[PDB]
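Shown next: entry.cif, containing mmCIF, C-alpha atoms and all ligand atoms.
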```cif
data_run
#
loop_
_atom_site.label_atom_id
_atom_site.label_comp_id
_atom_site.auth_asym_id
_atom_site.auth_seq_id
_atom_site.Cartn_x
_atom_site.Cartn_y
_atom_site.Cartn_z
CA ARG A 5 213.84 114.31 51.66
CA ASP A 6 216.74 112.89 49.60
CA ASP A 7 216.41 109.35 51.03
CA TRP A 8 216.44 106.98 48.15
CA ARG A 9 215.14 104.23 50.44
CA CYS A 10 211.92 106.09 51.34
CA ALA A 11 211.29 108.48 48.43
CA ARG A 12 208.22 108.10 46.21
CA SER A 13 209.13 110.67 43.48
CA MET A 14 211.97 112.48 41.80
CA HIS A 15 210.57 115.60 43.42
CA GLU A 16 211.93 114.55 46.83
CA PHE A 17 215.54 115.01 45.73
CA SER A 18 217.93 117.92 45.27
CA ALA A 19 220.95 118.11 43.00
CA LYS A 20 223.76 120.60 42.43
CA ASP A 21 223.55 122.17 38.97
CA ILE A 22 226.58 122.67 36.76
CA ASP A 23 226.98 126.27 38.01
CA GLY A 24 227.27 125.01 41.60
CA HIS A 25 223.78 125.87 42.75
CA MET A 26 221.48 123.49 44.60
CA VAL A 27 218.24 122.74 42.79
CA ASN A 28 215.21 121.20 44.48
CA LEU A 29 213.89 118.81 41.85
CA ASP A 30 210.35 119.59 42.89
CA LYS A 31 210.72 122.42 40.39
CA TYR A 32 209.95 119.72 37.81
CA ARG A 33 206.56 118.93 39.34
CA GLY A 34 204.09 119.08 36.48
CA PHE A 35 206.68 118.47 33.73
CA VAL A 36 207.64 115.39 31.73
CA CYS A 37 211.38 114.91 32.07
CA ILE A 38 214.25 112.96 30.55
CA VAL A 39 217.03 112.27 33.06
CA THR A 40 220.30 111.08 31.54
CA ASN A 41 223.95 110.52 32.39
CA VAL A 42 226.26 112.26 29.91
CA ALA A 43 229.89 112.21 28.88
CA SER A 44 231.91 114.35 26.47
CA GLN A 45 234.33 111.72 25.05
CA UNK A 46 231.96 108.79 24.30
CA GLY A 47 231.38 107.39 20.83
CA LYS A 48 227.71 108.29 21.20
CA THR A 49 228.24 111.82 22.60
CA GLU A 50 227.41 113.57 19.35
CA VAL A 51 224.20 111.77 18.55
CA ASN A 52 222.95 111.96 22.14
CA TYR A 53 223.56 115.69 22.61
CA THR A 54 222.23 116.58 19.17
CA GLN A 55 219.03 114.56 19.59
CA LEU A 56 218.42 115.71 23.20
CA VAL A 57 218.79 119.34 22.05
CA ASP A 58 216.36 118.64 19.20
CA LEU A 59 213.78 117.04 21.51
CA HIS A 60 214.02 119.99 23.89
CA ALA A 61 213.71 122.50 21.05
CA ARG A 62 210.54 120.88 19.79
CA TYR A 63 208.86 119.89 23.07
CA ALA A 64 209.92 122.47 25.69
CA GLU A 65 206.71 124.34 24.83
CA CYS A 66 204.72 121.24 25.90
CA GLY A 67 206.61 120.94 29.17
CA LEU A 68 209.50 118.63 28.27
CA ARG A 69 212.51 119.15 30.51
CA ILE A 70 215.90 117.43 30.33
CA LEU A 71 218.24 116.89 33.29
CA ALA A 72 221.77 115.91 32.23
CA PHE A 73 224.20 114.50 34.81
CA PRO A 74 227.84 114.25 33.73
CA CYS A 75 229.51 111.07 34.93
CA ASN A 76 233.10 109.80 34.60
CA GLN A 77 232.43 106.15 35.59
CA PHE A 78 232.33 104.76 32.00
CA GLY A 79 235.73 104.61 30.35
CA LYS A 80 236.75 107.87 32.08
CA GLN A 81 234.88 109.62 29.27
CA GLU A 82 233.94 112.68 31.35
CA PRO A 83 237.32 113.70 32.80
CA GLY A 84 236.81 117.47 32.66
CA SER A 85 235.79 119.99 35.27
CA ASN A 86 232.18 121.17 35.60
CA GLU A 87 233.17 124.45 33.91
CA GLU A 88 234.71 122.53 30.98
CA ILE A 89 231.62 120.34 30.64
CA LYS A 90 229.37 123.40 30.69
CA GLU A 91 231.38 124.91 27.84
CA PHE A 92 231.26 121.62 25.92
CA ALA A 93 227.46 121.40 26.23
CA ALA A 94 227.13 125.02 25.16
CA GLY A 95 228.81 124.08 21.88
CA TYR A 96 225.79 121.85 21.18
CA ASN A 97 223.36 124.73 21.84
CA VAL A 98 222.14 122.99 25.03
CA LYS A 99 219.37 124.97 26.71
CA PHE A 100 218.15 122.19 29.02
CA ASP A 101 219.45 121.73 32.56
CA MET A 102 223.05 120.64 33.09
CA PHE A 103 224.10 119.31 36.50
CA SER A 104 227.41 118.93 38.27
CA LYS A 105 229.28 115.67 37.72
CA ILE A 106 228.15 112.70 39.84
CA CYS A 107 228.47 108.98 40.24
CA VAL A 108 225.50 106.89 39.10
CA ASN A 109 226.68 103.47 40.36
CA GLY A 110 228.10 102.31 43.68
CA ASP A 111 227.70 103.67 47.17
CA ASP A 112 228.61 107.22 46.16
CA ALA A 113 225.93 107.36 43.51
CA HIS A 114 223.70 110.40 43.69
CA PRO A 115 220.55 109.49 45.65
CA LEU A 116 218.26 110.28 42.70
CA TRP A 117 220.11 107.69 40.63
CA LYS A 118 219.99 105.09 43.42
CA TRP A 119 216.24 105.67 43.49
CA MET A 120 215.61 105.63 39.72
CA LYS A 121 217.42 102.32 39.30
CA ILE A 122 215.08 100.47 41.71
CA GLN A 123 211.79 101.75 40.27
CA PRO A 124 209.69 99.08 38.55
CA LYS A 125 210.07 100.85 35.13
CA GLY A 126 213.68 101.83 35.94
CA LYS A 127 215.14 98.36 35.44
CA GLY A 128 217.56 97.71 32.78
CA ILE A 129 217.46 94.71 30.48
CA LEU A 130 220.17 92.91 32.41
CA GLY A 131 219.77 94.39 35.82
CA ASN A 132 219.67 97.77 37.42
CA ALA A 133 223.21 99.12 37.21
CA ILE A 134 223.83 101.90 34.71
CA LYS A 135 225.80 100.14 31.97
CA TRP A 136 227.45 103.03 30.09
CA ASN A 137 227.16 106.69 29.19
CA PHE A 138 223.75 107.97 28.00
CA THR A 139 221.25 105.86 29.81
CA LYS A 140 217.91 107.74 29.84
CA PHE A 141 214.96 107.66 32.19
CA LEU A 142 211.55 109.11 31.23
CA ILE A 143 209.86 110.70 34.25
CA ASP A 144 206.17 111.64 34.32
CA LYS A 145 204.68 114.87 35.70
CA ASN A 146 204.36 113.22 39.11
CA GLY A 147 208.06 112.45 39.27
CA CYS A 148 207.63 108.71 38.68
CA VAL A 149 209.81 106.61 36.38
CA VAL A 150 207.86 105.55 33.26
CA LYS A 151 210.59 104.00 31.10
CA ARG A 152 214.32 103.42 30.81
CA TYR A 153 216.37 103.50 27.58
CA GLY A 154 219.89 102.16 27.36
CA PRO A 155 223.16 103.55 26.03
CA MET A 156 222.48 102.16 22.59
CA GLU A 157 219.02 103.70 22.23
CA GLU A 158 219.32 107.09 20.59
CA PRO A 159 217.24 109.82 22.23
CA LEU A 160 214.75 109.99 19.37
CA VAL A 161 213.47 106.56 20.37
CA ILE A 162 211.93 108.34 23.39
CA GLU A 163 209.81 110.51 21.12
CA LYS A 164 207.15 107.80 20.65
CA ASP A 165 206.58 107.58 24.38
CA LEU A 166 205.92 111.30 25.04
CA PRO A 167 202.27 112.13 25.68
CA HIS A 168 200.10 112.23 22.60
CA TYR A 169 199.19 115.87 23.26
CA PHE A 170 202.92 116.78 22.70
CA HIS A 171 202.65 115.52 19.13
CL CL B 201 213.88 124.19 30.03
CL CL B 202 220.95 96.65 31.20
#
```

What does this structure look like when you write it as structure tokens?
Amino acid sequence: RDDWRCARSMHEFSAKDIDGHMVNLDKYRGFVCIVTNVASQXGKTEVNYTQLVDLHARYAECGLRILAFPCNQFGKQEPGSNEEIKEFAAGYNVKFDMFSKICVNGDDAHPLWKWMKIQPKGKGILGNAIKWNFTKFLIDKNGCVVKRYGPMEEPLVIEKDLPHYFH
């Protein structure tokens, strides 16, 4: 239903993918997901893309999925078009799911991001707003937020928190 104020799961939202196609996020029902805001011109771009690609390579077979949302709200570090961003991600051998560029803060924020930020495990250390590029949310198979990791936490720190069976 796309209403951040009433939704109980990620699975109630839709989002436009980087190719311009609407995706119902209920396709992720049953899968553990990392949802993250990305940028191409951030100091931590390289380590985030490389480690997200590595996590996906090793855990896709267990059901790990990664949803990457480009966002230009942090130092204008995602200025390119969706087609440019798709090409950029392809240079990292990204095989996870790239979305069209969004806002993550303010009234124009994508509803999924409004929702994630208010979940009990979606709070940041110093409040809910997304602070910079490459915040990550871990989402369980039921579409609930389990943990949040900030811009300074490289993606491999999430590895520890994946289900034991993955390992
Ligand atoms: Cl996948
Ligand atoms: Cl914070």

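Minimum atom-to-atom distance to residue 67 (chain A), evaluated using only C-alpha atoms, belongs to A:37 out of A:89, A:98, A:37, A:51.
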
Exercise. Between CA of residue 92 (chain A) and CA of residue 45 (chain A), what is the distance, to one decimal in Å?
Worked result: 10.4 Å

Find the residues of chain A that sit at most 12 Å from ligand CL 201 (chain B); for each, write down the nearest two atoms and how far apart they are in Å, to one decimal. Count all atoms listed in the file. Sort by chain, then by number going up, and give it as a tab-separated table.
```
residue	atom	partner	partner_atom	distance
A:31	CA	B:CL201	CL	11.0
A:32	CA	B:CL201	CL	9.8
A:35	CA	B:CL201	CL	9.9
A:36	CA	B:CL201	CL	10.9
A:37	CA	B:CL201	CL	9.8
A:38	CA	B:CL201	CL	11.2
A:56	CA	B:CL201	CL	11.8
A:57	CA	B:CL201	CL	10.6
A:59	CA	B:CL201	CL	11.1
A:60	CA	B:CL201	CL	7.4
A:61	CA	B:CL201	CL	9.1
A:62	CA	B:CL201	CL	11.3
A:63	CA	B:CL201	CL	9.6
A:64	CA	B:CL201	CL	6.1
A:65	CA	B:CL201	CL	8.9
A:66	CA	B:CL201	CL	10.5
A:67	CA	B:CL201	CL	8.0
A:68	CA	B:CL201	CL	7.3
A:69	CA	B:CL201	CL	5.2
A:70	CA	B:CL201	CL	7.1
A:71	CA	B:CL201	CL	9.1
A:72	CA	B:CL201	CL	11.6
A:98	CA	B:CL201	CL	9.7
A:99	CA	B:CL201	CL	6.5
A:100	CA	B:CL201	CL	4.8
A:101	CA	B:CL201	CL	6.6
A:102	CA	B:CL201	CL	10.3
```

Exercise. Of the residues A:85, A:28, A:133, A:103, which is the one nearest to residue 117 (chain A), using all atoms listed in the file?
Worked result: A:133

Problem set entry | Expected residue set, 6 Å radius at (227.3, 111.8, 32.0), all atoms listed in the file, as a list in words | residues 41, 42, 43, 73, 74, 75 and 137 of chain A

Problem set entry | Atom-to-atom span, CA of residue 160 (chain A) and CA of residue 55 (chain A), Å |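 These two atoms are separated by 6.3 Å.
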
Exercise. Which is closer to residue 49 (chain A) than all the others in A:158, A:21, A:112, A:7, using only C-alpha atoms?
Worked result: A:158

Problem set entry | Contacts of residue 8 (chain A) within 8 Å, all atoms listed in the file, excl. fewer than 5 positions in-chain, as a ChimeraX atom specification | /A:115-116,118-119

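Residues within 9 Å of residue 96 (chain A), counting all atoms listed in the file and excluding same-chain residues fewer than 6 positions away, are residues 50, 53, 54 and 57 of chain A.
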
Residues of chain A that approach ligand CL 202 (chain B) to 8 Å or less, counting all atoms listed in the file: could you list each one with the shortest pair of atoms and its distance in Å to one decimal, rows by chain and increasing residue number, as CSV?
```
residue,atom,partner,partner_atom,distance
A:127,CA,B:CL202,CL,7.4
A:128,CA,B:CL202,CL,3.9
A:129,CA,B:CL202,CL,4.1
A:130,CA,B:CL202,CL,4.0
A:131,CA,B:CL202,CL,5.3
A:132,CA,B:CL202,CL,6.4
A:133,CA,B:CL202,CL,6.9
A:134,CA,B:CL202,CL,6.9
A:135,CA,B:CL202,CL,6.0
A:154,CA,B:CL202,CL,6.8
```
